[PDB]
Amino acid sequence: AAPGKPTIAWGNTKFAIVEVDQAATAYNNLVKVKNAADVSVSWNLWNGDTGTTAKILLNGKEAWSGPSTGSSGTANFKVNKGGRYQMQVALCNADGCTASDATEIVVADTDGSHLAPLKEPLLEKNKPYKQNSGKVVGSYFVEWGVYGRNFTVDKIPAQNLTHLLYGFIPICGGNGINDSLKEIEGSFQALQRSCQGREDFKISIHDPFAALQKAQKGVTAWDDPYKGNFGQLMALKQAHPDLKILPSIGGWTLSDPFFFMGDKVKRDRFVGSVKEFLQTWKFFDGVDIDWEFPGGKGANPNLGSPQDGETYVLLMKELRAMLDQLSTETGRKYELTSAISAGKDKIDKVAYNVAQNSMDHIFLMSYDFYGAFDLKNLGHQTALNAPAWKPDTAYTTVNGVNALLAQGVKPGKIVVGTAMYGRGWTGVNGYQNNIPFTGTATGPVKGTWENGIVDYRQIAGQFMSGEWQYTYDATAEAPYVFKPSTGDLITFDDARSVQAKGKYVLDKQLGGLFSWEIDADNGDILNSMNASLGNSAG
């Protein structure tokens, strides 16, 4: 007669293709890319003839086969695709096969193929939109917002975005390569711990704890291979297969390494590490280059050179050539984008009309025009246009857009930025005709996380009541709150300015809108971004 029915032995059922070492702090030791997961099963025959051949089946397809020589057995085999499988053990003899009940096993991959969709309800005032305009709707998610700000991937109103940028992936390098990090306590040392044993000019993960190890909704079990931001990004991708997730390389304190990329040896090393990073972390859909800024004038006063524009253009052609190869090997579409300065002075330094051919989108940083970094020159930090009182204002969204169009950049490539925070000053005095902006400040406003910067959420929450006057400047197309008693003044974006920006994009045929940073919004800014571009309410 046919063999008796085997019983799957209790044992581990979660295996990984890409493994994360749990007692490793250096990137190089933290991640192990294998070709396949090593799976193992054991069975007991409590009752009956043990058959003559034992088989392991994954979804009814044989993964292993061997002689059934006893009451218990163990099979070791390799699984090369991530997913959840129904595993069965079958005992066979000339009279037939007897299969065990199925046990589900999990083969993890950076695909997020083994995960359940992270599908969370929209919070605060976020409202549902359908992404039907065909315009980009983007925002940045910051790796460190998981601590004090406590804004985790599960809180992102994901259906309201087309593009999610992850700030920020660092470039390895010590003294001389990453000095701007030193201004932030423990930041420089964390990068040297993460980069131990790794070559300078290779990409790494800044905070491996927040990125891969912190338990977050959906990746809370001890044995989940991927936890933290990466693990929830994999799951969110299961839930929204259309959302493009781009790693952002660079930023204000992480831009120093780009200034050395004039050396091709270093550039090729960098480009090869990014190819490797995308092959390691499969849920990412391309790369975002946030070099602040070719020519200098970023965090480090000692860097900047006239060669910068050329290295920038070569870097984009080369990344594009590696993304094009990756695309054809994998069958996916990889995007190459870049966040650039909106100042005409910085735009002038690069040949965007040339660089645009390697790029999918150009994220125009049309924010930070004015702030507590300047106490003498007050103005609208993100206005579309120049104010009435100073028509020649240099820093304007339109000046930014016009500079690029002038170079020959196609309008469709340009994604306009919106701020989800305001910048302010305290002690504004000596203003004329009631425009506090004509006065001078004595300091920076008390901020949410840090001085001079305020989360929109808190602006919306506390500063639109009490002594706070509110004015919507309709010439510049920008709002501002002012508290006369203390001279506190804040420049920010609101649902109306965002609407002005959204209509502008439509009129000029620009590419979409993006914002910095999603954690700071209460939903008003994102709702407005979606609405103004013509996305349908869901």
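Don't overthink the numbering: it's just position in the shown sequence, from 1.
The mean Cα B-factor in the deposited entry runs higher for 427-435 than for the other of 188-196 and 427-435.
Between 114-122 and 167-175, the higher mean Cα B-factor belongs to 114-122. The residue among 268, 348, 324, 308 whose C-alpha atom has the highest B-factor in the PDB entry is 348. Based on the entry's C-alpha B-factors, the most elevated value among 84, 81, 244, 333 belongs to 333.
Split the chain's modelled residues into thirds by C-alpha temperature factor. Residue 512 is in the lowest one. Ranked by Cα temperature factor within the chain, residue 264 sits in the lowest third according to the deposited record.
Residue-level temperature factors show residue 227 in the lowest third of its chain, judged at the C-alpha atom. Among all modelled residues in this chain, the alpha-carbon of residue 383 has a temperature factor (C-alpha) in the middle third. Compared with the other modelled residues of the chain, the Cα B-factor recorded for residue 106 ranks in the middle third.
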